[PDB]
Structures are given as C-alpha cells and as structure tokens.
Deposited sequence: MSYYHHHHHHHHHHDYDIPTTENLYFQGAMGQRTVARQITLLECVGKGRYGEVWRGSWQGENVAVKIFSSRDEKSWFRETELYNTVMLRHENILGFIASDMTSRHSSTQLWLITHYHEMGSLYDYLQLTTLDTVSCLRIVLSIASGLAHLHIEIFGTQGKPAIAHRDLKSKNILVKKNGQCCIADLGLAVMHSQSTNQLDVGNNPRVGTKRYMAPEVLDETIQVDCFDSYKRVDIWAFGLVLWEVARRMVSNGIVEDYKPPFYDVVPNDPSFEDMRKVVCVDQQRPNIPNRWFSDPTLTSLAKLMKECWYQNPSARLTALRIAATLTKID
C-alpha cells in the first residue's frame, strides 16, 4: 500500500490517504496500541457492514524505520463532519440527511442483531463531529471504535476492554464527569453515546440556514470552556452549574430546527434514564 498524502495528526496517531484505489490509513502511536487492538477486534470479529459505519478493509503491523500499527478503512475525501461544518452551510434537505444518517449508525451499533449475520450490542463512547465522516453521497458514517464496549444478550457478558484512554473531555456526559456512571450496566454506555449525540446535533443544526441566516460553526460549550478543556474544567460546567448549549432564537422561526431542538432537549437530561434512545431518535427523524 502506497502512502501518498497525510491528512491529519491527532492525540493518538496520524491518518494518510494511500492507494492499494483510494483508502485511508490510520497509523497509531504505540502509546495507543490498545485502541488499534480494540478497533481491529471489533472490525475483524463483529463484521460491521452498514451504510452509516466507517467501512473496514484490513489491519496490520509493518516496517517504517518502527513497528507501526495500521488500520485501513474506506477513504472519504470530504473528511470529518467537523471540518465539513466549518466549510459549508446546510439547508433542510442536507441537514436532516446528515443527522438521520448519524442516528441510524448509532442505532445499528446499539441494538444486538441475532442470527448468522448478527452482531453484539456496541456502545461507541467517544462520539463527536471529528469521529463522523461525510461520504460522497450525502450520508455520514461513524468511525473510531477504539473505546467501544460490547454486550451479548446470550451470555449477559459486558465487555469493556482494557483501554485506559477516556473519551473526548468536551463531549463527556455528566455521569462520566462526576464518576457515578454504573460501570456494570451496559445501558449507561448507551446513554453516554446519546448525550454526545445531542451535542453533535447542536453542532449540525447551527449550520442550517433559515430565514436567510446561520450561526458560525462552534464546538459544544465554546463560550464557557477553553479549547482542549480538562477534566475539572468540564466538571464545573456540566455537573455543578448544569449548563447546556444555548438554542438560537432563529430556530423558532423554522419548523425543522423546532423539532431538532426537540431532540437535543431529550439527549441532555442530566438523569441518563430519561434520555431518548438511538432507535427513538432514528424513528423521530422519519
């Protein structure tokens, strides 16, 4: 495989555009061996084939001067939803196309499929606009299963891995931050994905035009925490002071943003049990 154009760095590795046609090649720091392992575990055994999930190609360890860990996936030339939202504006058609496709990806991860072509129930745990890619057909796929937890109904076995990495601090649910999440109950990881999905929903809705105007792209809690907030930083905002992103008033002059602020509402309850499910979100968006 021919590494051609690097397209990013990160806190855990780097991503290249290579050929083998075009493929993406994430190259992990060996300080992040556990994420490469976990991701390679899920893709090679769960067989995750779905429109709204980053398709997988292969996984290997090679040369390069030294023993780098490669995860080779479908290349999407339009990149992250995060970079996409800072470049472009959305209308009604492209914005619903995007939040629905994310919702169906998260739902398909969250439900256990039984049968030959089945899968366990999977919770993402680091969902964010940088971990969603936009592909050249309107849909988006979810990526980075490095922290994924799995649950199999047949055994009631919860499988959380041994990755010491924690999710992106900005998108953490309050139960994660105050450290009262039930670690034994798989559903609480599903409710962590929903909280972050609500944040992503706010990110996307801002960039949808209505009555001729938009908001600039901003990351969640942009107005109250610094770039790269730390653990204690987000704790003050989400748990103690109980802050949520603000709804622009111009959403109440459009019926779509009306019912998009409807959803975010019901992913943001601090009590995680009250939060919507990805199936319910995906149902509502249809």
query: Deposited-sequence segments unaccounted for in the coordinates; finding: 1 to 38, 59 to 60, 106, 328 to 330
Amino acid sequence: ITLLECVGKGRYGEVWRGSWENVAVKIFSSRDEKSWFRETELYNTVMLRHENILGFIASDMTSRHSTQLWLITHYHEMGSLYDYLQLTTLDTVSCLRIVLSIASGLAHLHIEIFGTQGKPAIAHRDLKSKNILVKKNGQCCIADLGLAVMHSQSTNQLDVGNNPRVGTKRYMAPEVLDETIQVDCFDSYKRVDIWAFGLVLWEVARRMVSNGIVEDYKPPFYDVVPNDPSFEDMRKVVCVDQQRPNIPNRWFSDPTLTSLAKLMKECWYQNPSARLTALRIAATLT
From here on, numbers count along this sequence of modelled residues.
property: 251 to 259 versus 42 to 50 - greater average Cα B-factor per the deposited record; result: 251 to 259
property: 155 to 163 versus 123 to 131 - greater average Cα B-factor per the deposited record; result: 155 to 163
property: Within-chain third of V237 by Cα B-factor, per the entry; result: highest
property: Chain third (lowest, middle, highest) by recorded CA B-factor, residue given as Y222; result: middle
property: Third of the chain's Cα B-factor distribution that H74 belongs to, per the entry; result: middle
property: Record-listed C-alpha B factor of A274: chain third; result: highest
property: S80 by Cα B-factor - lowest, middle or highest third of the modelled chain; result: lowest
